[PDB]
file final_15.cif (mmCIF, N, CA and C atoms)
data_protein
loop_
_atom_site.label_atom_id
_atom_site.label_comp_id
_atom_site.auth_asym_id
_atom_site.auth_seq_id
_atom_site.Cartn_x
_atom_site.Cartn_y
_atom_site.Cartn_z
N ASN A 460 13.70 -0.02 5.10
CA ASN A 460 12.73 -0.38 4.07
C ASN A 460 13.14 0.15 2.70
N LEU A 461 14.25 0.89 2.66
CA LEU A 461 14.68 1.50 1.41
C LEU A 461 15.00 0.42 0.38
N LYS A 462 14.50 0.62 -0.84
CA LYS A 462 14.78 -0.27 -1.95
C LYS A 462 14.90 0.58 -3.21
N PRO A 463 15.50 0.04 -4.27
CA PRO A 463 15.50 0.77 -5.55
C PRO A 463 14.10 1.21 -5.93
N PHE A 464 13.85 2.51 -5.91
CA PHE A 464 12.52 3.06 -6.12
C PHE A 464 11.51 2.36 -5.21
N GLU A 465 11.72 2.52 -3.91
CA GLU A 465 10.91 1.85 -2.90
C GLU A 465 9.43 2.05 -3.17
N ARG A 466 8.72 0.96 -3.45
CA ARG A 466 7.28 1.00 -3.69
C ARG A 466 6.57 0.83 -2.36
N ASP A 467 6.14 1.95 -1.77
CA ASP A 467 5.47 1.93 -0.47
C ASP A 467 4.06 1.39 -0.67
N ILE A 468 3.97 0.07 -0.79
CA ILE A 468 2.70 -0.60 -1.03
C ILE A 468 1.77 -0.33 0.14
N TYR A 489 9.46 0.16 11.22
CA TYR A 489 9.46 1.56 11.63
C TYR A 489 8.95 2.44 10.50
N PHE A 490 7.72 2.93 10.64
CA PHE A 490 7.08 3.74 9.61
C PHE A 490 6.17 4.76 10.28
N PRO A 491 6.72 5.88 10.73
CA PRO A 491 5.87 6.94 11.30
C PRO A 491 5.02 7.61 10.23
N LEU A 492 3.87 8.12 10.65
CA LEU A 492 2.93 8.80 9.76
C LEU A 492 2.65 10.19 10.29
N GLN A 493 2.83 11.20 9.44
CA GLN A 493 2.56 12.58 9.79
C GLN A 493 2.23 13.34 8.51
N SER A 494 1.63 14.52 8.67
CA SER A 494 1.19 15.34 7.55
C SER A 494 1.76 16.74 7.68
N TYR A 495 2.08 17.35 6.54
CA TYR A 495 2.58 18.72 6.52
C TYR A 495 1.42 19.70 6.35
N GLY A 496 1.38 20.70 7.21
CA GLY A 496 0.38 21.75 7.11
C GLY A 496 0.87 22.96 6.34
N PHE A 497 1.22 22.77 5.07
CA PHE A 497 1.73 23.87 4.27
C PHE A 497 0.69 24.99 4.20
N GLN A 498 1.14 26.22 4.42
CA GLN A 498 0.30 27.39 4.33
C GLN A 498 1.05 28.49 3.58
N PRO A 499 0.33 29.39 2.91
CA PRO A 499 1.02 30.49 2.21
C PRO A 499 1.78 31.42 3.14
N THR A 500 1.44 31.44 4.43
CA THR A 500 2.13 32.33 5.36
C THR A 500 3.61 31.98 5.46
N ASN A 501 3.94 30.69 5.44
CA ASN A 501 5.33 30.27 5.56
C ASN A 501 6.16 30.88 4.44
N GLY A 502 7.33 31.40 4.80
CA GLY A 502 8.25 31.98 3.83
C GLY A 502 9.64 31.39 3.94
N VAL A 503 9.73 30.21 4.53
CA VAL A 503 11.00 29.53 4.75
C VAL A 503 10.86 28.08 4.33
N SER B 161 -11.97 -12.33 -6.79
CA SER B 161 -13.18 -11.83 -6.14
C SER B 161 -13.44 -10.38 -6.53
N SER B 162 -12.39 -9.57 -6.59
CA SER B 162 -12.52 -8.18 -6.99
C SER B 162 -11.17 -7.63 -7.40
N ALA B 163 -11.20 -6.61 -8.27
CA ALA B 163 -10.00 -5.90 -8.68
C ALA B 163 -10.38 -4.42 -8.80
N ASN B 164 -10.10 -3.65 -7.76
CA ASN B 164 -10.57 -2.27 -7.71
C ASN B 164 -10.00 -1.45 -8.86
N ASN B 165 -8.68 -1.26 -8.88
CA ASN B 165 -8.03 -0.46 -9.90
C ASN B 165 -6.66 -1.05 -10.19
N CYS B 166 -6.27 -1.03 -11.46
CA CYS B 166 -5.00 -1.59 -11.89
C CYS B 166 -4.04 -0.46 -12.24
N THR B 167 -2.97 -0.32 -11.44
CA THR B 167 -1.99 0.72 -11.72
C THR B 167 -1.31 0.49 -13.06
N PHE B 168 -0.97 -0.76 -13.37
CA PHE B 168 -0.34 -1.12 -14.63
C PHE B 168 -1.25 -2.06 -15.39
N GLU B 169 -1.57 -1.70 -16.63
CA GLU B 169 -2.36 -2.52 -17.54
C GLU B 169 -1.57 -2.71 -18.83
N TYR B 170 -1.48 -3.95 -19.30
CA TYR B 170 -0.70 -4.24 -20.49
C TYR B 170 -1.38 -5.34 -21.29
N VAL B 171 -1.50 -5.11 -22.59
CA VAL B 171 -2.08 -6.08 -23.52
C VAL B 171 -1.13 -6.25 -24.69
N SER B 172 -0.90 -7.50 -25.08
CA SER B 172 0.05 -7.77 -26.16
C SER B 172 -0.28 -9.13 -26.77
N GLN B 173 0.67 -9.67 -27.54
CA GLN B 173 0.52 -11.01 -28.06
C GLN B 173 0.65 -12.03 -26.94
N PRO B 174 0.04 -13.21 -27.08
CA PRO B 174 0.06 -14.18 -25.98
C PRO B 174 1.45 -14.75 -25.77
N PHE B 175 1.71 -15.20 -24.54
CA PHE B 175 2.95 -15.89 -24.22
C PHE B 175 2.85 -17.35 -24.65
N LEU B 176 2.44 -17.58 -25.90
CA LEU B 176 2.20 -18.92 -26.40
C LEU B 176 2.72 -18.99 -27.83
N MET B 177 3.47 -20.04 -28.13
CA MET B 177 4.08 -20.22 -29.45
C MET B 177 3.56 -21.45 -30.17
N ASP B 178 3.50 -22.59 -29.49
CA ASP B 178 3.06 -23.85 -30.08
C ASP B 178 2.08 -24.55 -29.16
N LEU B 179 1.10 -23.81 -28.65
CA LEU B 179 0.11 -24.37 -27.73
C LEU B 179 -1.01 -25.12 -28.44
N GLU B 180 -1.06 -25.09 -29.77
CA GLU B 180 -2.11 -25.74 -30.53
C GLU B 180 -1.51 -26.46 -31.73
N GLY B 181 -2.08 -27.62 -32.06
CA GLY B 181 -1.68 -28.36 -33.24
C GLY B 181 -0.40 -29.16 -33.11
N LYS B 182 0.11 -29.34 -31.89
CA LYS B 182 1.35 -30.09 -31.72
C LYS B 182 1.16 -31.54 -32.16
N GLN B 183 2.14 -32.06 -32.88
CA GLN B 183 2.08 -33.44 -33.35
C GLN B 183 2.32 -34.41 -32.19
N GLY B 184 1.80 -35.62 -32.35
CA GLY B 184 1.91 -36.62 -31.30
C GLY B 184 3.27 -37.27 -31.19
N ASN B 185 4.13 -37.07 -32.20
CA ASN B 185 5.47 -37.65 -32.14
C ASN B 185 6.28 -37.08 -30.98
N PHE B 186 6.17 -35.77 -30.77
CA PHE B 186 6.90 -35.08 -29.71
C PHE B 186 5.93 -34.32 -28.83
N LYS B 187 6.35 -34.07 -27.59
CA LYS B 187 5.52 -33.42 -26.59
C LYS B 187 6.17 -32.12 -26.14
N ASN B 188 5.33 -31.20 -25.65
CA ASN B 188 5.82 -29.91 -25.20
C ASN B 188 6.75 -30.07 -24.01
N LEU B 189 7.75 -29.21 -23.93
CA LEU B 189 8.67 -29.13 -22.80
C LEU B 189 8.87 -27.68 -22.39
N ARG B 190 7.76 -26.96 -22.24
CA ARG B 190 7.83 -25.53 -22.01
C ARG B 190 8.51 -25.22 -20.68
N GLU B 191 9.37 -24.19 -20.71
CA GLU B 191 10.05 -23.70 -19.52
C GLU B 191 9.75 -22.22 -19.33
N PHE B 192 9.93 -21.77 -18.09
CA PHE B 192 9.85 -20.36 -17.74
C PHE B 192 10.76 -20.10 -16.56
N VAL B 193 11.34 -18.90 -16.53
CA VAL B 193 12.07 -18.41 -15.37
C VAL B 193 11.46 -17.07 -15.00
N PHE B 194 10.76 -17.03 -13.87
CA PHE B 194 10.15 -15.81 -13.38
C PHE B 194 11.00 -15.28 -12.24
N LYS B 195 11.46 -14.04 -12.37
CA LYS B 195 12.22 -13.39 -11.31
C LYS B 195 11.75 -11.96 -11.15
N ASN B 196 12.01 -11.39 -9.98
CA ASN B 196 11.60 -10.02 -9.65
C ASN B 196 12.80 -9.31 -9.02
N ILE B 197 13.56 -8.59 -9.84
CA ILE B 197 14.80 -7.96 -9.42
C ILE B 197 14.81 -6.50 -9.88
N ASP B 198 15.21 -5.61 -8.97
CA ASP B 198 15.33 -4.18 -9.27
C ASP B 198 14.00 -3.56 -9.68
N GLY B 199 12.90 -4.08 -9.13
CA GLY B 199 11.59 -3.62 -9.52
C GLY B 199 11.13 -4.10 -10.88
N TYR B 200 11.89 -4.99 -11.52
CA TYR B 200 11.56 -5.52 -12.83
C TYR B 200 11.20 -6.99 -12.70
N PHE B 201 10.02 -7.35 -13.17
CA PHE B 201 9.60 -8.73 -13.30
C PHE B 201 10.03 -9.22 -14.67
N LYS B 202 10.85 -10.27 -14.69
CA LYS B 202 11.42 -10.80 -15.92
C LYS B 202 10.99 -12.25 -16.11
N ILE B 203 10.61 -12.56 -17.35
CA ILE B 203 10.07 -13.86 -17.74
C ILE B 203 10.95 -14.38 -18.87
N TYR B 204 11.96 -15.17 -18.53
CA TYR B 204 12.83 -15.77 -19.53
C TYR B 204 12.24 -17.11 -19.93
N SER B 205 11.73 -17.21 -21.15
CA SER B 205 10.98 -18.37 -21.60
C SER B 205 11.63 -18.98 -22.83
N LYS B 206 11.50 -20.30 -22.95
CA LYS B 206 11.96 -21.03 -24.12
C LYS B 206 11.07 -22.25 -24.31
N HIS B 207 10.86 -22.63 -25.57
CA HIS B 207 10.06 -23.79 -25.92
C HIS B 207 10.92 -24.74 -26.74
N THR B 208 10.94 -26.00 -26.34
CA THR B 208 11.78 -26.98 -27.02
C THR B 208 11.05 -28.31 -27.17
N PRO B 209 10.63 -28.68 -28.38
CA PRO B 209 9.97 -29.98 -28.55
C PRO B 209 10.98 -31.11 -28.55
#
call {"tool": "encode", "arguments": {"input": "final_15.cif", "output": "structure tokens"}}
result
Amino acid sequence: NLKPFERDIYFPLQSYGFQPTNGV
Amino acid sequence: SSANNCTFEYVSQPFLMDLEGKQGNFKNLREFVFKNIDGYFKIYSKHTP
């Protein structure tokens, strides 16, 4: 699906649980 | 029917050059070339009576 500046109008969906505890 | 939100809004002069007052001797022959390449919509236009 890659295109020049792909406009995101096989595509998995997930979320990052960023927390301050992480140090890496 | 509806337009929730417009990411891109643009206002300018009209895409019209001789749309009014044309003489009856000659008639409009308006052309346009609409293309969508590299994320750019391009409108190559010319007017020839």
call {"tool": "interface_residues", "arguments": {"input": "final_15.cif", "of": "chain A", "to": "chain B", "cutoff": "8 Å", "atoms": "only N, CA and C atoms", "output": "JSON, numbers by chain"}}
result
{"A": [462, 463, 464]}
call {"tool": "atom_distance", "arguments": {"input": "final_15.cif", "atom1": "atom C of residue 164 of chain B", "atom2": "atom CA of residue 468 of chain A"}}
result
14.9 Å
call {"tool": "atom_distance", "arguments": {"input": "final_15.cif", "atom1": "atom CA of residue 191 of chain B", "atom2": "atom CA of residue 208 of chain B"}}
result
8.4 Å
call {"tool": "select_by_dssp", "arguments": {"input": "final_15.cif", "residues": "chain B", "states": "strand (DSSP E or B)", "output": "VMD selection string"}}
result
chain B and resid 191 to 197 200 to 206
call {"tool": "atom_distance", "arguments": {"input": "final_15.cif", "atom1": "atom N of residue 183 of chain B", "atom2": "atom CA of residue 209 of chain B"}}
result
9.2 Å
call {"tool": "resolve_selection", "arguments": {"input": "final_15.cif", "expression": "the PyMOL selection byres (((chain B and resi 178 and name CA) around 10) and name CA)", "output": "list in words"}}
result
residues 175, 176, 177, 179, 180, 181, 182, 188, 190, 207, 208 and 209 of chain B
call {"tool": "residues_near_point", "arguments": {"input": "final_15.cif", "point": "(7.8, -15.6, -19.6)", "cutoff": "10 Å", "atoms": "only C-alpha atoms", "output": "PDB file with N, CA and C atoms, keeping the file's coordinate frame"}}
result
ATOM      1  N   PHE B 175       1.710 -15.200 -24.540  1.00  0.00           N
ATOM      2  CA  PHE B 175       2.950 -15.890 -24.220  1.00  0.00           C
ATOM      3  C   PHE B 175       2.850 -17.350 -24.650  1.00  0.00           C
ATOM      4  N   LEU B 176       2.440 -17.580 -25.900  1.00  0.00           N
ATOM      5  CA  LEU B 176       2.200 -18.920 -26.400  1.00  0.00           C
ATOM      6  C   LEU B 176       2.720 -18.990 -27.830  1.00  0.00           C
ATOM      7  N   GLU B 191       9.370 -24.190 -20.710  1.00  0.00           N
ATOM      8  CA  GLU B 191      10.050 -23.700 -19.520  1.00  0.00           C
ATOM      9  C   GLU B 191       9.750 -22.220 -19.330  1.00  0.00           C
ATOM     10  N   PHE B 192       9.930 -21.770 -18.090  1.00  0.00           N
ATOM     11  CA  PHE B 192       9.850 -20.360 -17.740  1.00  0.00           C
ATOM     12  C   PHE B 192      10.760 -20.100 -16.560  1.00  0.00           C
ATOM     13  N   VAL B 193      11.340 -18.900 -16.530  1.00  0.00           N
ATOM     14  CA  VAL B 193      12.070 -18.410 -15.370  1.00  0.00           C
ATOM     15  C   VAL B 193      11.460 -17.070 -15.000  1.00  0.00           C
ATOM     16  N   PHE B 194      10.760 -17.030 -13.870  1.00  0.00           N
ATOM     17  CA  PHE B 194      10.150 -15.810 -13.380  1.00  0.00           C
ATOM     18  C   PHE B 194      11.000 -15.280 -12.240  1.00  0.00           C
ATOM     19  N   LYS B 195      11.460 -14.040 -12.370  1.00  0.00           N
ATOM     20  CA  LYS B 195      12.220 -13.390 -11.310  1.00  0.00           C
ATOM     21  C   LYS B 195      11.750 -11.960 -11.150  1.00  0.00           C
ATOM     22  N   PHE B 201      10.020  -7.350 -13.170  1.00  0.00           N
ATOM     23  CA  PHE B 201       9.600  -8.730 -13.300  1.00  0.00           C
ATOM     24  C   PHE B 201      10.030  -9.220 -14.670  1.00  0.00           C
ATOM     25  N   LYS B 202      10.850 -10.270 -14.690  1.00  0.00           N
ATOM     26  CA  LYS B 202      11.420 -10.800 -15.920  1.00  0.00           C
ATOM     27  C   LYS B 202      10.990 -12.250 -16.110  1.00  0.00           C
ATOM     28  N   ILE B 203      10.610 -12.560 -17.350  1.00  0.00           N
ATOM     29  CA  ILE B 203      10.070 -13.860 -17.740  1.00  0.00           C
ATOM     30  C   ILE B 203      10.950 -14.380 -18.870  1.00  0.00           C
ATOM     31  N   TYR B 204      11.960 -15.170 -18.530  1.00  0.00           N
ATOM     32  CA  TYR B 204      12.830 -15.770 -19.530  1.00  0.00           C
ATOM     33  C   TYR B 204      12.240 -17.110 -19.930  1.00  0.00           C
ATOM     34  N   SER B 205      11.730 -17.210 -21.150  1.00  0.00           N
ATOM     35  CA  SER B 205      10.980 -18.370 -21.600  1.00  0.00           C
ATOM     36  C   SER B 205      11.630 -18.980 -22.830  1.00  0.00           C
ATOM     37  N   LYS B 206      11.500 -20.300 -22.950  1.00  0.00           N
ATOM     38  CA  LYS B 206      11.960 -21.030 -24.120  1.00  0.00           C
ATOM     39  C   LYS B 206      11.070 -22.250 -24.310  1.00  0.00           C
TER      40      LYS B 206
END
call {"tool": "resolve_selection", "arguments": {"input": "final_15.cif", "expression": "the PyMOL selection byres (((chain A and resi 460 and name CA) around 9) and name CA)", "output": "list in words"}}
result
residues 461, 462, 465, 467, 489 and 490 of chain A
